[PDB]
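So this first bit is one chain, no partners, the form deposited in one PDB entry, shown in structure tokens.
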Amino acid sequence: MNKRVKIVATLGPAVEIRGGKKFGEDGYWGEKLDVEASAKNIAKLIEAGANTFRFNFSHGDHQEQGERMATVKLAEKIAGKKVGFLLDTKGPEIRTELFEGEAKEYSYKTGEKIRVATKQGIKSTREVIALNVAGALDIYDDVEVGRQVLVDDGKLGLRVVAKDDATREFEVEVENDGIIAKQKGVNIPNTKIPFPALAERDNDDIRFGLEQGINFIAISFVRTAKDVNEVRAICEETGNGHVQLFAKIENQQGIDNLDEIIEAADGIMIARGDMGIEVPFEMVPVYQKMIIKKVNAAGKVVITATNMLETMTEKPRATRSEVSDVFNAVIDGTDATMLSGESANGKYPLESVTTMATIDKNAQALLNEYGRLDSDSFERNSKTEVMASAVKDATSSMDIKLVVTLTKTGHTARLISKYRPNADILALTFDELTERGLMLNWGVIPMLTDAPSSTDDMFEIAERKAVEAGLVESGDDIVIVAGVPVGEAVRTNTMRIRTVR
């Protein structure tokens, strides 16, 4: 079977070889990067079913990010397969500061009374935790008594019991045993810190990514359509209008404004890590199912992210709850599933991609029986969408091995993908930007080909390209769609049912 659900894999040091050493080996960071060895490891992730790589600009400077994108370009030629390039913005992060001295962390007991400083550009002590707030904002007046400062993925709770106006320090009570380490994520739920719609650092990072050549941006902590539209303006200004924007939903404001965000964006990334700290963790599954259905109804892309195979950072096999999570994301209707630390930082990046692909491929077989999405309820709002509905009908009526679309912009492929046909979708397109832009759409196999002329038989081309790719053999039935004839048709207007010779 072809894997219909797409995989986003985050890259990092786990796949990178430095002077013969693997990540974690003593002296690793002493060696220089082995680009070709690193590219060969990335190529195995491609072959195992990674469809797009995520460059997390939360970690690593422009030089590191640029070298990693260059490494991926080599890997595509080794694998003989192209992938999408996705930039993930830092966004409005709050992190613990470095500590006074060599100290990298301190342990605390429940009940201990300590201080959180708001003043920026200072080091932490054990009794006074300093915060690196994005844009060096002053958060003192945005956090009330009774709020919670959560350190390192919500593991250590600090309850704000008092506010000292004279030092702009929070007087906090430690709510549970735990460690405060340097440069760890901080969340302060149910506060409104006036972060800008687009920080200068995120503007800078996006402009650098656009210069290197990306297909997607995932915007961290989208609160409103304005956060999306500010990035859209840079993409249009720089001649990168083809770049697709995924809004990351990871706080209550993003959930409250979801309809206007979906309208502004090309898709949604369900950023469950921050979402499950910022809102009640037991509500994340409710929001996941609702976001998937709304994004599919819009004909846009949804990525389900974070902790999907978390145990595989350290172990070669996932837990039963991780297998269940990946399976259920697919059944809920996700276009794509994602790996973060599992592929970037863990001991088992290749096994993480392989395991996710195996689960994804099994789950796609149960979408007829258990699938939550319901294409029968959609309004068919254009003639290309009417043709997409008819293709889904044909794949419901008989056994169709493949749907082929000859698509200039990918619009027909995206509408067929929206209807989730019981078939793979081969999208024959005529430029690499359209090809890479389809790589996160459910079921879509993008394939670059010459633009057909007025005199070409597009149905013979479709069958020949499908046979070349090894997607079909003698006796298989396929559905082909195209705008016939070239130079007269203004849209996909034709559906052919064809038996492969």
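One rule holds for the numbers: they count along the sequence shown, beginning at 1. We call the rigid core the largest set of C-alpha positions that still match within 1.5 Å between the two forms.
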323-331 versus 192-200 - which carries the larger mean C-alpha B factor in the record = 192-200
Report the stretch with the higher mean CA temperature factor, choosing between 160-168 and 236-244 on the basis of the entry.
-> 160-168
Candidate set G475, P446, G66, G443 [ranked by C-alpha B-factor, highest] = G475
Out of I122, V302, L258, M275, highest CA B-factor residue = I122
CA B-factor placement of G346, once the chain's modelled residues are sorted into thirds = lowest
Within this chain's modelled residues, let me know which third the CA B factor of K44 belongs to: lowest, middle or highest.
-> lowest
Pull the Cα B-factor of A466 out of the PDB entry and bin it into the chain's lowest, middle or highest third.
-> middle
Quick one: classify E314 as lowest, middle or highest third of the chain based on its Cα B-factor.
-> middle
Would you check the entry's CA temperature factor for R95 and let me know if it's in the chain's lowest, middle or highest third?
-> highest
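The discussion below concerns the form deposited in another entry, not included here.
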Which of these moves by 2 angstroms or more at the C-alpha between this form and the one not shown, core superposed: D274, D266, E310, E169?
-> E169
